[PDB]
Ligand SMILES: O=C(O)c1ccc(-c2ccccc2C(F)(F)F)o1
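Only one chain comes next, encoded as structure tokens, the form deposited without the ligand.
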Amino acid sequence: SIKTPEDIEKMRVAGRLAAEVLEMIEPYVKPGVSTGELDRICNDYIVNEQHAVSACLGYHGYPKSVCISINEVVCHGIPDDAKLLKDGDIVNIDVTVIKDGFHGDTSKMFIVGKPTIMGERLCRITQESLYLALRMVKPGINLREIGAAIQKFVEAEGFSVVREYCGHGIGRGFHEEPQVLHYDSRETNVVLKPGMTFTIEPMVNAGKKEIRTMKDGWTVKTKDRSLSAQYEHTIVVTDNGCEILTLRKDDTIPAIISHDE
């Protein structure tokens, strides 16, 4: 799927909105706030201000507008009014918006209250793994290299990479081809071409890689109950690199990454 100059522009709009939801919610992510209220804030904003729609809601029956995962929760945490954030917590807020027919998908970690050493480190190393992978993207390279480089980096830090979930192609469809694994796999055989749009979203655990799913059909936790973090960005392969469509002001990497010169 090679997006056209116009479709790419739409992806920029959808990606920007997704990223802006994360920038907007930051001030609300504090101790004592419930994940349920954070969700309502994000939804009212997406609908009433961005004039877009959450792609998560209803997707395979997902009940909320955004996914919020805390500490040992790996992904797909469901916003709840009874779940309050507290100091030391590391929280992922996963956002997916649909606008003008195109999707914008992204997520980041938030450290609540006073940070713990492992909390700050895990999140930091996880973002560094995403950035390292991003700096690699450019026409010609094979997706298998990006996944191999992520796993290599993360494991040398003494952490592990989650296997059950992966990045994905994205466009008029929420999840399109190809699959973007965050570890080395002999199945990956894709040569990036300019115009391609997909996501990179590594999930990293402080302990072992195994993840156990809960009895609600969604919530995934680490088997050993160790902390797990994830960061996600949607990108578009440019002629000499890539462009991050969901870049935020707090990101410390440039929107456009060039390689030719």
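We call the rigid core the largest set of C-alpha positions that still match within 1.5 Å between the two forms. Just count from 1 along the sequence shown to find any residue number.
Comparing 210 to 218 with 64 to 72, which has C-alphas lying farther from the shown form in 8 other deposited structures of this protein once the core is aligned?
Most displaced of the pair in 8 other deposited structures of this protein: 210 to 218.
Per the record, averaged over C-alpha atoms, which has the higher B-factor: 89 to 97 or 145 to 153?
Higher of the two, by average CA B-factor, is 145 to 153.
What stretch has the higher average Cα B-factor here, 233 to 241 or 15 to 23?
Averaging CA B-factors over each stretch, the winner is 233 to 241.
Sorting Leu132, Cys123, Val73, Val137 by Cα temperature factor from the record, which one lands on top?
Within the set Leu132, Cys123, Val73, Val137, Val137 shows the top C-alpha B-factor.
Report the option among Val220, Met196, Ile200, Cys42 whose CA atom has the maximum B-factor in the deposited record.
Within the set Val220, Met196, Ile200, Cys42, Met196 shows the top C-alpha B-factor.
Should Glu37 be placed in the lowest, middle or highest third of its chain by the C-alpha B factor in the entry?
Answer is lowest: the recorded C-alpha B-factor places it there.
If you rank every modelled residue in this chain by C-alpha B factor, which third holds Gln50: lowest, middle or highest?
Answer is middle: the recorded C-alpha B-factor places it there.
Would you check the entry's CA temperature factor for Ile211 and let me know if it's in the chain's lowest, middle or highest third?
Answer is highest: the recorded C-alpha B-factor places it there.
State the tercile, meaning the lowest, middle or highest third, of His103 with respect to the CA B-factors recorded for its chain.
Middle third of the chain for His103's C-alpha B-factor.
If you rank every modelled residue in this chain by C-alpha B factor, which third holds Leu192: lowest, middle or highest?
Answer is highest: the recorded C-alpha B-factor places it there.
In what follows, reference is made to the form deposited with the ligand bound, a form of this protein that is not presented.
Look at the stretches 174 to 182, 131 to 139, 81 to 89, 109 to 117 and give the one with heavy atoms within 4.5 Å of the ligand in the deposited bound form.
Result for this chain: 174 to 182.
Does the ligand get within 4.5 angstroms of any non-hydrogen atom of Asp39 in the deposited bound form?
Although the ligand is absent here, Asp39 would stay clear of it in the deposited bound form, with no heavy atoms inside 4.5 Å.
Would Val236 show up as a contact with the ligand in the deposited bound form if we use heavy atoms at 4.5 Å?
Taking the distances in the deposited bound form, the answer for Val236 is no, it never comes within 4.5 Å of the ligand.
In the deposited bound form, does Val29 come within 4.5 Å of the ligand, counting heavy atoms only?
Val29: no contact with the ligand in the deposited bound form.
Can you tell me if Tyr45 lies within 4.5 angstroms of the ligand in the deposited bound form, counting non-hydrogen atoms only?
No, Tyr45 sits far enough from the ligand in the deposited bound form that none of its heavy atoms falls within 4.5 Å.
Any chance all of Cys56, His60 and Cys67 sit within 4.5 Å of the ligand in the deposited bound form, going by non-hydrogen atoms?
Judged in the deposited bound form, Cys56, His60 and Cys67 all sit within 4.5 Å of the ligand.
Could you run down 221 to 253 and flag each residue that has a heavy atom within 4.5 Å of the ligand in the deposited bound form?
Contacts from 221 to 253: just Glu232.
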